[PDB]
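Input: a single structure, listed below in structure tokens.
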Amino acid sequence: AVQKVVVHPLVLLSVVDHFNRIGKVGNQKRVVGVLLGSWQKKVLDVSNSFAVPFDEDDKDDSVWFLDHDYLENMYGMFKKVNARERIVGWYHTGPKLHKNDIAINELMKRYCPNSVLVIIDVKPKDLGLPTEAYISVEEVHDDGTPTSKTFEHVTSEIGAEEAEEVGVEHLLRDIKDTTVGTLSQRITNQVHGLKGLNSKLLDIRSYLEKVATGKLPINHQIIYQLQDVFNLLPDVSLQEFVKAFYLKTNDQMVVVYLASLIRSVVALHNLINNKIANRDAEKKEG
Amino acid sequence: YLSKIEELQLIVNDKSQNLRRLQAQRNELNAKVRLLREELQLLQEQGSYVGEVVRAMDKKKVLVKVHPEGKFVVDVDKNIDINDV
Amino acid sequence: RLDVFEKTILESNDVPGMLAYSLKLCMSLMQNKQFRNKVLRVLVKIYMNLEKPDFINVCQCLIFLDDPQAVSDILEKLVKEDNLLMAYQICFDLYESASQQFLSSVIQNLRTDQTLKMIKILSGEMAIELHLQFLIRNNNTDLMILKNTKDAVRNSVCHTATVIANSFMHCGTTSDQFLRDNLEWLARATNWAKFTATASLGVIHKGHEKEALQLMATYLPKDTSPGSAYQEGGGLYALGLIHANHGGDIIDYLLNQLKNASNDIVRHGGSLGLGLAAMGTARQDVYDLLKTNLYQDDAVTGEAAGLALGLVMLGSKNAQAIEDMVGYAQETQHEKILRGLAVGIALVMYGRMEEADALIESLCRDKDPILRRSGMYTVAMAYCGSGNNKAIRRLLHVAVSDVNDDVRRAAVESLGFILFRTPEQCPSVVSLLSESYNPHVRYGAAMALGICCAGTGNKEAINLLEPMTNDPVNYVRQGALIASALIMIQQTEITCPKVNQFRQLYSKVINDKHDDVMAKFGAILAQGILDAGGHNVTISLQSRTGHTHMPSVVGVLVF
Amino acid sequence: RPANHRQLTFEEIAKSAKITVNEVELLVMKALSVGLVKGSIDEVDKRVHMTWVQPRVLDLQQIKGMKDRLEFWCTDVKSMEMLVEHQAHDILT
Amino acid sequence: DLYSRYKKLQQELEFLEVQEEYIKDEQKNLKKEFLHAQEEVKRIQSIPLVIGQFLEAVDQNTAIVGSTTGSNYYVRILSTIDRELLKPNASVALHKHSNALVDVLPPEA
Amino acid sequence: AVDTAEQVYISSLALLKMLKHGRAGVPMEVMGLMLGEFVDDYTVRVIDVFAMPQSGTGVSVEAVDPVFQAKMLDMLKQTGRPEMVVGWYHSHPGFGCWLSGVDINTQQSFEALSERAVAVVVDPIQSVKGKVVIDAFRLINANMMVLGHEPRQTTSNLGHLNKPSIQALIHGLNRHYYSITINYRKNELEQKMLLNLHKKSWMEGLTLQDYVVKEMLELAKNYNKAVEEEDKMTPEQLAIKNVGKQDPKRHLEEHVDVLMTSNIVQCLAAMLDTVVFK
Ligand SMILES: [Zn+2]
């Protein structure tokens, strides 16, 4: 039951310079680190983290390395700089998961009410959202096995706390606040239309690979029960919103009445005082 | 005389220079509106207060006695005179 | 199409000189390289078809049509027809306005009394030494200004623009006066005043080719003896200054001085000097040792490597200089090294006019204002005059719409190179450019006035610069200074009445002691350029012969 | 039936559901107590109106042949996105 | 001169075609930077408003204010407030750090 | 034995830890150490600015814990990079960012051991975006008046550093101090991903969120009438019959643009149902 946090990308620049470490230390390709913070509410904020020297065998992938020379005494350091910003979770790159993530979560779960494996994004080219959270879950099944622990999608965002723009919005030097309705909306049209419909191509990836070469969560319990929500309105010919078309006349009512009346006042606005300034400039320039 | 009308008739199209004369003048106008509002970091140092001069003396010094305060003798700037005191 | 063209160059009687000024007028409305060389090679042959042979045609087609064998054919006509006195056009225009690469190829093609005057015109030393004789005989100094600017010397322009002043007055006076009059003013020397206090001997000794080594007898590379290598490196740089475009063995001797097992203490000035010396000759050995100078990983000699390698590879279209200098550009850990390599890979492609578009688009593709600045320098050198809009559209886009003012500055320096031909419209566009909001581009607009309108008789440029020195930015006031010095070259008081106004006014504003010395930084230099020659000499960015003079273009853009 | 006429008449109900006209109302008020379907059933025409339902368990042939809704959605909302953007194309700006 | 009298006309014509395209785009960018200028007027204050009162104006848009800090000051004031709204010792707003007028409130007390 | 105009290619994390250290750095002034690498003579880099314990006693030279130095560099050695200190930071979060009277000792106390040890003054408690609030200086000393106080070698870097030249006691402190040049690195290795997360997140996350719509238009159109009547109280003031008004005193604007973009939003919101549905 966790929705969203507030994210400072400052220690994500620490993810960046540990992404500089791993390019020049050795065989470790992926960035795996430990995410400090403090549960405040269902909304949350993070101020610091750190990056473990981590190795992971390709053979029997449950081979973690989280040193307590690097945990306990560095935890003493991070406790000495502040008592507030303690552990809240950890982080690794890619989007998916590796296998050992569950045990790496359960290692530092002994310190925290809910340790979180926010899977992080170092080379962002994605179609959906950035780094995203997972909470401790016990959902097991309707079958009744020993208790499931694979941490389920209990989401997150990139929230903005406070000032920091002394740095950030001086470091912009490029960007502009679009006075919304000035192709900002069609930036959104591009991103949400194309990136939700090739997210629908990820959905047809699910609904084709789980039909051809895909078993047990094939109709898990949330494929068909959500094909309901897909079956809000999937219909065949033109889907016949017969209520909603005169109701959309009732919609377009307000919009184009403000267009006619208000934009005729906009006509008055530009045109009358524009003629004043214009013709005064014109012949009083004589 | 075949093509020898067309360049001079495109010179007839040179009200673009006058409509853009208004546009380049407006470029200058609002660009230095902007640059004039950019001066307002001059605001950001000095509420340089009203001073209380009894009288000046020689050697390029005055007597300023600041508004709830006491006598502080100092040097002068370059754009007003000892005569101007 | 050459059907009505051929019937109307084999046409009937008018003045044949219709076709002679039609050479330059076809060149005035020329758009492509496709029938430019066609008309250029068939009008010279229709002058070979008309019974009266012509020499202005070969004076133009040697510098626009680059045929080293047709000049060898009519130079066998110069040996056979034997008249050296009509031969002056082809002979000393071949000396005057020829590309140095084309000079080496044409002295290759030509040698297969004028039996030795055919070599003496190509070396052409006669005009050099009587020009030097003019530079020692004529003089008009103003030493009171030299003292009242000598009052504000530092590790600064005064220590350099005093010798720039009386050395652009005297390119090779072969005489000491600033060495003679003082030593304590000469004793304000710290690494660049040291570099300058040993390079200034060759600054004041341009030309005078034979006595270079035996005049820097004091400045052989073991004969300085301070504790510092710049006081001995600028001297070998000064050898490179003297040995410009006509070396012999001393090109290879500065090369060997760099290769006398000496790392980056001789190279300090000697690498700049060597690249300046073998400029455009397209050597191999200097590229071979400037590859390890390139991979020094120290930009105090690495910028010398990039600059000097661009100098020795002028307009190369090499398959390894371009690629193997753009390669080192990305992974270096500095960007003043990228200034060095920037102007180097600009100079490596000069005047190709359609070829470098891949490189310009590849480099302005990137995000770096220094590398895009490199691209603007490179499009200033690939394009000069050819406003085909393939330059000016995206060039103007990135020129004035961009976010960093240094690439914008290099673009408004590119404008003055692509707008040399008709400086009539240039007030109407650069006075518009004046309106800028930002310090570097205010200054760059001033530089566009400067390098664009160098030789013009414009007064509107002066009218522009007067509020530009009425500007709280100090170095745009020096932009007004130096650019107005570039509008006051070559011209006297009768040309415009602001000449002596600014001449005494620059000393008048150097009287103000509480100005920035950045506000009067190039004020001694504005006085020096203000008497470049003493109005004896002038810029040559587009020569009167018809063809551009590329080492002067090199001088100004690296300047 | 995915199709409309979701104001269904009571007729198929009283025929195939072995129920009567006086008991279709209990048939759907007991379903209001159940809570998987909550129709706004017509009672001037006696029509048993269809609102939202709890659909099925598995239609594996329609898990394969839902392309006529899924890929329908994908390429058609994609195409009409391209059409809205293509009519407002050169105000890219 | 029927050879280049009429053909040099295009030469200095292409260039102001391109500037005719160009000044449009520069106006297209300066509205952006005008919005940046206007918003960067308001990043420093008008939450943390301190209270002085007006005293007198020397010249155009620069005046004298006493304050509730004890002393008196002479301040450069913006063009935001209308030039007659400062007749009494009215309730005005200044800056903590750098002491300049932002707004004026006519009633109080 | 020679002086050149230096440069500081910053890791942005330096200023990020300085802004955290100043934001959370409660306006009592505090002290730390700066960690980079001395690359060459004309440039330096700071790759790191690490953190200090809550030394709320006073800024002094004794506040440096050497066992914290040892363990800090050791935990950098079990992390990937064992880099070198380049100097020291500090925080001046209340006043106008100028050299305190302990700094005038600890600067040369630190650069007696190190080479440069450039001071870094910060105040993110100024205001939010448009000030450039960072401040660094290089202690020139009375030992170096032998030769002149003019490196000058590369110019206009110290010329644009000379372009502000403005702090009261610091331009008093032209003596003992010439500043150092601070540019911000070609940071696309992070500016890339900051831009990408910045605009892939600061508009509706997954960006399918708004695509509130109409009762905000109800309140907004009542705004857009309630202020339009005082908008039209201006052309009566334009009827001055002949001329009795000094300059236009223009109140045309701010109700073009709001109507413009707000009802662009409403008409594209009327699009949005016909967009999402097919
Ligand atoms: Zn401090």
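Labels used: A, B, ... for chains in the order of the structure tokens, numbers from 1 for residues in each chain, and numbers from 1 for ligands as shown.
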If you take only C-alpha atoms and a cut-off of 12 Å, which residues of chain A touch chain E, and what are their nearest atom pairs and distances in Å to one decimal, in chain and number order, as JSON lines?
{"residue": "A:163", "atom": "CA", "partner": "E:43", "partner_atom": "CA", "distance": 10.9}
{"residue": "A:165", "atom": "CA", "partner": "E:43", "partner_atom": "CA", "distance": 10.6}
{"residue": "A:166", "atom": "CA", "partner": "E:43", "partner_atom": "CA", "distance": 10.5}
{"residue": "A:169", "atom": "CA", "partner": "E:40", "partner_atom": "CA", "distance": 10.9}
{"residue": "A:170", "atom": "CA", "partner": "E:40", "partner_atom": "CA", "distance": 11.2}
{"residue": "A:173", "atom": "CA", "partner": "E:36", "partner_atom": "CA", "distance": 10.9}
{"residue": "A:174", "atom": "CA", "partner": "E:33", "partner_atom": "CA", "distance": 10.7}
{"residue": "A:175", "atom": "CA", "partner": "E:32", "partner_atom": "CA", "distance": 9.9}
{"residue": "A:176", "atom": "CA", "partner": "E:32", "partner_atom": "CA", "distance": 7.3}
{"residue": "A:177", "atom": "CA", "partner": "E:36", "partner_atom": "CA", "distance": 8.3}
{"residue": "A:178", "atom": "CA", "partner": "E:32", "partner_atom": "CA", "distance": 9.0}
{"residue": "A:179", "atom": "CA", "partner": "E:35", "partner_atom": "CA", "distance": 9.6}
{"residue": "A:182", "atom": "CA", "partner": "E:32", "partner_atom": "CA", "distance": 11.7}
Since we have the selection now, will you write its residues out, keeping N, CA and C atoms, as a PDB file, in the first residue's frame?
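Below is the file result35.pdb, written as the result:
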ATOM      1  N   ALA A 163      14.248  23.145  -2.289  1.00  0.00           N
ATOM      2  CA  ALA A 163      14.807  24.155  -3.182  1.00  0.00           C
ATOM      3  C   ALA A 163      15.756  23.651  -4.255  1.00  0.00           C
ATOM      4  N   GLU A 165      17.471  24.150  -6.587  1.00  0.00           N
ATOM      5  CA  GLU A 165      17.477  24.614  -7.953  1.00  0.00           C
ATOM      6  C   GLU A 165      18.459  25.745  -8.147  1.00  0.00           C
ATOM      7  N   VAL A 166      19.039  26.248  -7.048  1.00  0.00           N
ATOM      8  CA  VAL A 166      20.307  26.974  -7.017  1.00  0.00           C
ATOM      9  C   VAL A 166      21.292  26.218  -7.888  1.00  0.00           C
ATOM     10  N   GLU A 169      18.280  24.494 -11.534  1.00  0.00           N
ATOM     11  CA  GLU A 169      17.754  25.403 -12.535  1.00  0.00           C
ATOM     12  C   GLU A 169      18.742  26.485 -12.932  1.00  0.00           C
ATOM     13  N   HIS A 170      19.928  26.499 -12.337  1.00  0.00           N
ATOM     14  CA  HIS A 170      21.041  27.160 -12.992  1.00  0.00           C
ATOM     15  C   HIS A 170      21.761  26.215 -13.947  1.00  0.00           C
ATOM     16  N   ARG A 173      20.240  25.722 -18.265  1.00  0.00           N
ATOM     17  CA  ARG A 173      20.773  26.498 -19.390  1.00  0.00           C
ATOM     18  C   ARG A 173      20.128  26.198 -20.752  1.00  0.00           C
ATOM     19  N   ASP A 174      19.093  25.356 -20.817  1.00  0.00           N
ATOM     20  CA  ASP A 174      18.470  24.976 -22.079  1.00  0.00           C
ATOM     21  C   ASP A 174      16.952  25.073 -22.037  1.00  0.00           C
ATOM     22  N   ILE A 175      16.361  24.670 -20.917  1.00  0.00           N
ATOM     23  CA  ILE A 175      14.957  24.280 -20.899  1.00  0.00           C
ATOM     24  C   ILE A 175      14.079  25.502 -20.624  1.00  0.00           C
ATOM     25  N   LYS A 176      12.769  25.364 -20.839  1.00  0.00           N
ATOM     26  CA  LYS A 176      11.811  26.452 -20.724  1.00  0.00           C
ATOM     27  C   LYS A 176      10.507  25.913 -20.149  1.00  0.00           C
ATOM     28  N   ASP A 177       9.865  26.714 -19.297  1.00  0.00           N
ATOM     29  CA  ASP A 177       8.501  26.437 -18.854  1.00  0.00           C
ATOM     30  C   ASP A 177       7.534  26.733 -19.991  1.00  0.00           C
ATOM     31  N   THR A 178       6.981  25.677 -20.576  1.00  0.00           N
ATOM     32  CA  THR A 178       5.949  25.814 -21.594  1.00  0.00           C
ATOM     33  C   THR A 178       4.642  26.276 -20.963  1.00  0.00           C
ATOM     34  N   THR A 179       4.109  27.391 -21.460  1.00  0.00           N
ATOM     35  CA  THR A 179       2.828  27.935 -21.026  1.00  0.00           C
ATOM     36  C   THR A 179       1.685  27.076 -21.551  1.00  0.00           C
ATOM     37  N   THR A 182       1.068  24.843 -25.603  1.00  0.00           N
ATOM     38  CA  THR A 182       2.043  25.452 -26.509  1.00  0.00           C
ATOM     39  C   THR A 182       3.044  24.378 -26.975  1.00  0.00           C
TER      40      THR A 182
END
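Every residue of chain D that lies within 9 Å of chain F is listed here, counting only C-alpha atoms: residues 73, 76, 77, 78, 79, 80, 81 and 84 of chain D.
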Same residues, N, CA, C and O atoms, output as a compact mmCIF listing (two decimals), in the first residue's frame:
# COMPACT_ATOMS: atom_id res chain seq x y z
N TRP D 73 -7.08 -2.00 -30.67
CA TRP D 73 -6.79 -0.85 -29.81
C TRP D 73 -5.44 -0.24 -30.13
O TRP D 73 -5.34 0.96 -30.41
N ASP D 76 -5.13 1.09 -33.80
CA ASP D 76 -6.11 2.07 -34.20
C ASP D 76 -6.03 3.34 -33.38
O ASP D 76 -6.14 4.43 -33.94
N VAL D 77 -5.83 3.23 -32.07
CA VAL D 77 -5.54 4.41 -31.27
C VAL D 77 -4.17 4.96 -31.65
O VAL D 77 -3.96 6.17 -31.64
N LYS D 78 -3.24 4.09 -32.09
CA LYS D 78 -1.97 4.56 -32.62
C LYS D 78 -2.15 5.33 -33.92
O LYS D 78 -1.57 6.41 -34.10
N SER D 79 -2.96 4.79 -34.83
CA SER D 79 -3.19 5.43 -36.11
C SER D 79 -3.94 6.74 -35.94
O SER D 79 -3.61 7.74 -36.59
N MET D 80 -4.94 6.77 -35.07
CA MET D 80 -5.66 8.01 -34.84
C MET D 80 -4.85 9.00 -34.02
O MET D 80 -5.05 10.21 -34.17
N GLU D 81 -3.89 8.53 -33.23
CA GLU D 81 -2.90 9.42 -32.63
C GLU D 81 -2.03 10.04 -33.71
O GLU D 81 -1.79 11.26 -33.70
N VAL D 84 -4.35 12.67 -35.53
CA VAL D 84 -4.46 13.92 -34.79
C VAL D 84 -3.15 14.70 -34.88
O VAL D 84 -3.14 15.89 -35.23
Could you list the protein, DNA and RNA residues that have any atom within 9 Å of ligand 1, counting only C-alpha atoms and all ligand atoms, and write them as a JSON list (two decimals) with C-alpha atoms, in the first residue's frame?
[["chain", "number", "residue", "atom", "x", "y", "z"],
["F", 28, "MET", "CA", 25.68, 28.13, 12.08],
["F", 29, "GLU", "CA", 28.80, 28.02, 9.91],
["F", 30, "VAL", "CA", 30.50, 24.65, 9.44],
["F", 31, "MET", "CA", 33.71, 23.17, 8.06],
["F", 32, "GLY", "CA", 34.81, 20.25, 5.91],
["F", 59, "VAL", "CA", 34.72, 26.48, 12.92],
["F", 89, "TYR", "CA", 35.04, 23.40, 1.97],
["F", 90, "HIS", "CA", 33.00, 25.40, 4.44],
["F", 91, "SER", "CA", 29.55, 26.92, 4.64],
["F", 92, "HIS", "CA", 28.46, 30.55, 5.15],
["F", 93, "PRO", "CA", 24.68, 30.14, 4.97],
["F", 97, "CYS", "CA", 29.37, 34.70, 1.64],
["F", 99, "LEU", "CA", 35.78, 35.08, 4.33],
["F", 100, "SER", "CA", 35.41, 34.64, 8.09],
["F", 103, "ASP", "CA", 39.17, 30.84, 7.41],
["F", 120, "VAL", "CA", 34.67, 27.15, -1.21],
["F", 121, "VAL", "CA", 32.00, 29.50, 0.18],
["F", 122, "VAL", "CA", 28.32, 28.61, -0.18]]
Mind giving me the straight-line distance from atom CA of residue C:511 to atom CA of residue C:158 in Å, one decimal?
14.7 Å
DSSP alpha helix (DSSP H) selection over chain E, as an MDAnalysis selection string
chainID E and resid 11:39
Near-residue F:78 list (10 Å; only C-alpha atoms; drop same-chain fewer than 5 positions) as a ChimeraX atom specification
/A:52-53,67,69-70 /F:73
Output the selection as a PDB file, in the first residue's frame - C-alpha atoms for each residue.
ATOM      1  CA  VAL A  52      28.130  -1.601  -2.281  1.00  0.00           C
ATOM      2  CA  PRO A  53      31.165  -3.234  -3.874  1.00  0.00           C
ATOM      3  CA  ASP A  67      30.330  -6.323   3.373  1.00  0.00           C
ATOM      4  CA  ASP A  69      33.001  -3.535   7.011  1.00  0.00           C
ATOM      5  CA  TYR A  70      31.096  -1.599   4.321  1.00  0.00           C
TER       6      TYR A  70
ATOM      7  CA  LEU F  73      39.665   7.186   2.421  1.00  0.00           C
TER       8      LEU F  73
END
Could you list, with a cut-off of 7 Å and counting only C-alpha atoms, the residues of chain E near chain F, each shown with its nearest atom pair and the distance in Å rounded to one decimal, rows sorted by chain and ascending number, as JSON lines?
{"residue": "E:40", "atom": "CA", "partner": "F:130", "partner_atom": "CA", "distance": 6.4}
{"residue": "E:43", "atom": "CA", "partner": "F:128", "partner_atom": "CA", "distance": 6.1}
{"residue": "E:44", "atom": "CA", "partner": "F:127", "partner_atom": "CA", "distance": 5.1}
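Picture a line from atom CA of residue D:48 to atom CA of residue D:9; it runs 5.4 Å.
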Rows by chain and residue number, chain B within 8 Å of chain C, shortest pair, only C-alpha atoms, as CSV:
residue,atom,partner,partner_atom,distance
B:24,CA,C:432,CA,7.7
B:28,CA,C:435,CA,6.2
B:31,CA,C:437,CA,7.0
B:32,CA,C:437,CA,7.8
B:35,CA,C:437,CA,6.9
Near residue B:75, within 9 Å and counting only C-alpha atoms, which residues show up once chain neighbours fewer than 3 positions away are dropped, as a list in words?
residues 59, 60, 61 and 62 of chain B
Would you export the selected residues with N, CA, C and O atoms as a JSON list (two decimals), in the first residue's frame, please?
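Dumped everything to out32.json:
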[["chain", "number", "residue", "atom", "x", "y", "z"],
["B", 59, "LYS", "N", 41.12, 68.00, 2.57],
["B", 59, "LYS", "CA", 41.80, 66.73, 2.36],
["B", 59, "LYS", "C", 40.87, 65.64, 1.83],
["B", 59, "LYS", "O", 41.07, 64.45, 2.13],
["B", 60, "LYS", "N", 39.83, 66.04, 1.08],
["B", 60, "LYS", "CA", 38.87, 65.16, 0.41],
["B", 60, "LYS", "C", 38.09, 64.30, 1.40],
["B", 60, "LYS", "O", 37.83, 63.12, 1.16],
["B", 61, "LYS", "N", 37.70, 64.88, 2.53],
["B", 61, "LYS", "CA", 36.91, 64.17, 3.52],
["B", 61, "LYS", "C", 35.70, 65.01, 3.90],
["B", 61, "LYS", "O", 35.65, 66.22, 3.65],
["B", 62, "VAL", "N", 34.71, 64.35, 4.50],
["B", 62, "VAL", "CA", 33.48, 64.98, 4.93],
["B", 62, "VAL", "C", 33.20, 64.58, 6.38],
["B", 62, "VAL", "O", 34.03, 63.96, 7.04]]
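Considering the residues A:111, A:134, A:64, A:207 and counting only C-alpha atoms, chain D has its shortest atom-to-atom contact with A:207.
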Find the residues near residue E:11: any atom within 9 Å, counting only C-alpha atoms, skip ones fewer than 5 places away on the same chain, and give them as a ChimeraX atom specification.
/C:28-29,422
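With only C-alpha atoms as the basis for measurement, E:30 is the residue among E:105, E:30, E:80, E:50 that approaches chain B most closely.
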Contact set, chain B to chain E: 9 Å, only C-alpha atoms, as a PyMOL selection string
chain B and resi 4+7-8+11+16-17+20+23-24+26-27+30-31+33-35+37-38+40+42-51+67-68
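Atom pair atom CA of residue C:442 / atom CA of residue C:548 has a distance of 27.9 Å (rounded to one decimal).
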Residues of chain D near chain A: apply a cut-off of 8 Å, count only C-alpha atoms, and supply the list as a PyMOL selection string.
chain D and resi 2-4+52-58+60+63-64+69-71+73-75+77-78+81+85+91-93
With C-alpha atoms retained, export the selected residues as an mmCIF file, in the first residue's frame.
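File out.cif, as written:
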data_model
loop_
_atom_site.group_PDB
_atom_site.id
_atom_site.type_symbol
_atom_site.label_atom_id
_atom_site.label_comp_id
_atom_site.auth_asym_id
_atom_site.auth_seq_id
_atom_site.Cartn_x
_atom_site.Cartn_y
_atom_site.Cartn_z
ATOM 1 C CA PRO D 2 -19.667 -8.135 -26.714
ATOM 2 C CA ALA D 3 -22.121 -6.023 -28.704
ATOM 3 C CA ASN D 4 -24.606 -3.400 -27.542
ATOM 4 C CA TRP D 52 -20.576 -3.966 -15.707
ATOM 5 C CA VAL D 53 -20.113 -7.659 -14.938
ATOM 6 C CA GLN D 54 -17.498 -10.112 -13.635
ATOM 7 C CA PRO D 55 -16.585 -11.677 -16.976
ATOM 8 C CA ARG D 56 -15.176 -15.265 -17.020
ATOM 9 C CA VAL D 57 -12.350 -17.501 -15.851
ATOM 10 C CA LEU D 58 -10.558 -18.448 -19.075
ATOM 11 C CA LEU D 60 -7.871 -19.318 -24.143
ATOM 12 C CA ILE D 63 -6.838 -15.036 -25.076
ATOM 13 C CA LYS D 64 -5.410 -15.797 -28.507
ATOM 14 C CA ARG D 69 -9.617 -5.912 -29.536
ATOM 15 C CA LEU D 70 -6.018 -5.558 -28.314
ATOM 16 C CA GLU D 71 -4.196 -5.036 -31.612
ATOM 17 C CA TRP D 73 -6.788 -0.851 -29.810
ATOM 18 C CA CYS D 74 -3.002 -0.668 -30.341
ATOM 19 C CA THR D 75 -2.895 0.074 -34.068
ATOM 20 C CA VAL D 77 -5.540 4.408 -31.269
ATOM 21 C CA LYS D 78 -1.968 4.558 -32.622
ATOM 22 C CA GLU D 81 -2.900 9.416 -32.633
ATOM 23 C CA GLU D 85 -0.720 14.634 -34.783
ATOM 24 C CA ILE D 91 2.753 23.224 -35.458
ATOM 25 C CA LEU D 92 5.549 21.066 -34.103
ATOM 26 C CA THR D 93 7.094 24.548 -33.889
#
Closest-contact table, chain C side, partner chain E, 12 Å, counting only C-alpha atoms, as CSV:
residue,atom,partner,partner_atom,distance
C:18,CA,E:3,CA,9.5
C:19,CA,E:3,CA,10.5
C:21,CA,E:3,CA,10.0
C:22,CA,E:3,CA,7.9
C:23,CA,E:3,CA,11.3
C:24,CA,E:4,CA,10.1
C:25,CA,E:4,CA,6.5
C:26,CA,E:4,CA,8.5
C:27,CA,E:4,CA,10.7
C:28,CA,E:8,CA,7.6
C:29,CA,E:7,CA,6.9
C:30,CA,E:11,CA,10.3
C:31,CA,E:11,CA,10.6
C:385,CA,E:11,CA,11.1
C:386,CA,E:11,CA,11.0
C:387,CA,E:15,CA,8.1
C:388,CA,E:14,CA,8.9
C:389,CA,E:18,CA,7.9
C:390,CA,E:18,CA,11.2
C:391,CA,E:18,CA,11.0
C:392,CA,E:18,CA,7.7
C:393,CA,E:18,CA,7.1
C:394,CA,E:22,CA,10.5
C:395,CA,E:18,CA,11.0
C:396,CA,E:22,CA,7.6
C:397,CA,E:22,CA,7.8
C:398,CA,E:22,CA,11.3
C:399,CA,E:22,CA,10.6
C:400,CA,E:26,CA,7.5
C:401,CA,E:26,CA,6.8
C:402,CA,E:29,CA,9.7
C:403,CA,E:29,CA,10.7
C:415,CA,E:15,CA,11.7
C:418,CA,E:15,CA,11.3
C:419,CA,E:15,CA,10.0
C:421,CA,E:11,CA,10.3
C:422,CA,E:12,CA,8.0
C:423,CA,E:12,CA,10.0
C:424,CA,E:12,CA,8.6
C:425,CA,E:12,CA,6.7
C:426,CA,E:15,CA,9.7
C:428,CA,E:16,CA,9.1
C:429,CA,E:19,CA,7.8
C:430,CA,E:19,CA,10.8
C:432,CA,E:23,CA,9.2
C:433,CA,E:23,CA,10.0
C:435,CA,E:26,CA,10.9
C:436,CA,E:26,CA,10.2
C:437,CA,E:30,CA,9.9
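Excluding residue B:72 itself and same-chain residues fewer than 6 positions from it, the residues having an atom within 12 Å of it are residues 51, 52, 53, 54, 56, 61, 62, 63, 64, 65 and 66 of chain B, counting only C-alpha atoms.
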Restrict the selected residues to N, CA and C atoms and save them as an mmCIF file, in the first residue's frame.
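Output saved as part35.cif:
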data_model
loop_
_atom_site.group_PDB
_atom_site.id
_atom_site.type_symbol
_atom_site.label_atom_id
_atom_site.label_comp_id
_atom_site.auth_asym_id
_atom_site.auth_seq_id
_atom_site.Cartn_x
_atom_site.Cartn_y
_atom_site.Cartn_z
ATOM 1 N N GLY B 51 22.279 60.042 3.979
ATOM 2 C CA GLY B 51 23.332 60.452 4.887
ATOM 3 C C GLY B 51 23.101 61.836 5.463
ATOM 4 N N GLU B 52 23.705 62.089 6.624
ATOM 5 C CA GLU B 52 23.493 63.323 7.378
ATOM 6 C C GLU B 52 24.822 64.062 7.494
ATOM 7 N N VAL B 53 25.027 65.047 6.625
ATOM 8 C CA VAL B 53 26.263 65.817 6.573
ATOM 9 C C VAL B 53 26.062 67.124 7.319
ATOM 10 N N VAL B 54 26.880 67.353 8.341
ATOM 11 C CA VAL B 54 26.922 68.660 8.979
ATOM 12 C C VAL B 54 27.626 69.621 8.033
ATOM 13 N N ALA B 56 31.571 69.670 5.369
ATOM 14 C CA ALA B 56 32.785 68.998 4.941
ATOM 15 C C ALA B 56 34.018 69.716 5.479
ATOM 16 N N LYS B 61 37.705 64.879 2.534
ATOM 17 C CA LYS B 61 36.908 64.169 3.521
ATOM 18 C C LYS B 61 35.699 65.009 3.897
ATOM 19 N N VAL B 62 34.715 64.351 4.502
ATOM 20 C CA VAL B 62 33.476 64.979 4.933
ATOM 21 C C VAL B 62 33.202 64.581 6.377
ATOM 22 N N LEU B 63 32.024 64.965 6.860
ATOM 23 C CA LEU B 63 31.538 64.571 8.176
ATOM 24 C C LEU B 63 30.119 64.039 8.005
ATOM 25 N N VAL B 64 29.967 62.715 8.011
ATOM 26 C CA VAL B 64 28.671 62.045 7.904
ATOM 27 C C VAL B 64 28.361 61.421 9.260
ATOM 28 N N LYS B 65 27.136 61.621 9.773
ATOM 29 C CA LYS B 65 26.869 61.335 11.181
ATOM 30 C C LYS B 65 25.758 60.275 11.421
ATOM 31 N N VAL B 66 25.719 59.184 10.633
ATOM 32 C CA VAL B 66 24.593 58.369 10.119
ATOM 33 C C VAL B 66 23.314 58.254 10.985
#
